[PDB]
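For reference, the structure discussed in these notes is given below.
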Amino acid sequence: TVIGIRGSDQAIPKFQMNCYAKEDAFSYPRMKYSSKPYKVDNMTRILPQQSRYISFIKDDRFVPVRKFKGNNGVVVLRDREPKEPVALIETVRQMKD
Amino acid sequence: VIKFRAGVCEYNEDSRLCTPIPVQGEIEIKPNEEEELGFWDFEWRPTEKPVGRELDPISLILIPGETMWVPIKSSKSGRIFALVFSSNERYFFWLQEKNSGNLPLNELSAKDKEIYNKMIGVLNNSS
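Heads up: the protein sequence lines correspond to chains N and X, in order.
All letters in the first sequence, in the order written, are residues 757 to 787, 860 to 925 by PDB author numbering.
For the second sequence, PDB author numbering begins at 7 and goes up steadily by one.
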């Protein structure tokens, strides 16, 4: 999972942080480092690696203190600018939880 | 507990309201929080989005036995839960579920036929 989350209670603002990996989220079932914007960073395939050829945009409201901690699952774009744009996103949690 | 469809609005001691007032959830008039005392703590909770609002003290206390259901008498727009106790303590619970249309001769409010005699009873019920 790569999901915006927050360094706070989560508006789940999602963004694709876009630093290029040779694309293995595009290598995956049907049915390297260019430091270029990667296409799409939000959840799905990623990879621990294809995580780590990508880096955040600073320009969103929220920024991690850890400088792209590097772990897709752990997500949590740390929350720098709430009650604003970077909109809002929710989940079945937010539904029930 | 006996459950009801509304948020917890601005109680609006006076100055008749139900301006939009999110608190979108289910406020539930119920026998306090212990399900024992004649007190009705009005159980509010979303599985909903109440625009991050409650306006309820985890549920709303009620002083029993003088509680009457004012239908939304002193009519404004659609439903609220209009609990008029002293006409001061008045506790309004924001209309969220608007069902069977606004109907006359129950609440004169947007959601009544179910919830009216539900709110009627639960305030006038023995339990």
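Yeah, the Cβ is synthetic: ideal placement off N, Cα and C, and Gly gets one too.
C-beta atoms of residue i and residue j nearer than 7 Å
i                      : j                      : result
residue 75 of chain X  : residue 29 of chain X  : no
residue 112 of chain X : residue 119 of chain X : yes
residue 907 of chain N : residue 875 of chain N : no
residue 766 of chain N : residue 869 of chain N : no
Nearest-angstrom beta carbon gap, residue j and residue i [assumed within contact, 8 Å]
i                      : j                      : result
residue 38 of chain X  : residue 50 of chain X  : Not really, about 14 Å apart at Cβ, beyond 8 Å.
residue 888 of chain N : residue 769 of chain N : 7 Å
residue 31 of chain X  : residue 13 of chain X  : 5 Å
residue 784 of chain N : residue 873 of chain N : 5 Å
residue 15 of chain X  : residue 86 of chain X  : 6 Å
residue 881 of chain N : residue 911 of chain N : Between residue 911 of chain N and residue 881 of chain N the Cβ distance is about 32 Å, and since that is not below 8 Å, they are no contact.
residue 774 of chain N : residue 879 of chain N : Contact doesn't hold; Cβ gap of about 13 Å is too wide.
residue 917 of chain N : residue 760 of chain N : 7 Å
residue 48 of chain X  : residue 125 of chain X : No, residue 48 of chain X and residue 125 of chain X are not in contact; Cβ-Cβ is about 10 Å, not under 8 Å.
Euclidean distance between Cα positions of residue i and residue j
i                      : j                      : result
residue 763 of chain N : residue 904 of chain N : 6 Å
residue 77 of chain X  : residue 103 of chain X : 16 Å
residue 18 of chain X  : residue 62 of chain X  : 13 Å
residue 757 of chain N : residue 902 of chain N : 8 Å
residue 34 of chain X  : residue 64 of chain X  : 11 Å
residue 25 of chain X  : residue 84 of chain X  : 11 Å
residue 863 of chain N : residue 925 of chain N : 38 Å
residue 914 of chain N : residue 73 of chain X  : 46 Å
residue 110 of chain X : residue 22 of chain X  : 19 Å
residue 90 of chain X  : residue 117 of chain X : 17 Å
residue 108 of chain X : residue 114 of chain X : 7 Å
residue 7 of chain X   : residue 57 of chain X  : 25 Å
residue 68 of chain X  : residue 909 of chain N : 40 Å
residue 60 of chain X  : residue 27 of chain X  : 10 Å
residue 891 of chain N : residue 883 of chain N : 11 Å
residue 133 of chain X : residue 66 of chain X  : 16 Å
residue 70 of chain X  : residue 55 of chain X  : 30 Å
residue 40 of chain X  : residue 877 of chain N : 53 Å
residue 36 of chain X  : residue 82 of chain X  : 25 Å
residue 92 of chain X  : residue 20 of chain X  : 11 Å
Exposed unless 16 or more other CB atoms sit within 10 angstroms - verdict on residue i
i                      : result
residue 88 of chain X  : buried
residue 922 of chain N : exposed
residue 80 of chain X  : exposed
residue 787 of chain N : exposed
residue 920 of chain N : exposed
residue 128 of chain X : buried
residue 782 of chain N : exposed
- Return the chain-ordered ranges of every beta strand (DSSP E) run that is complete within the stretch 8–80 of chain X and spans a minimum of 3 residues. 32–36, 47–51
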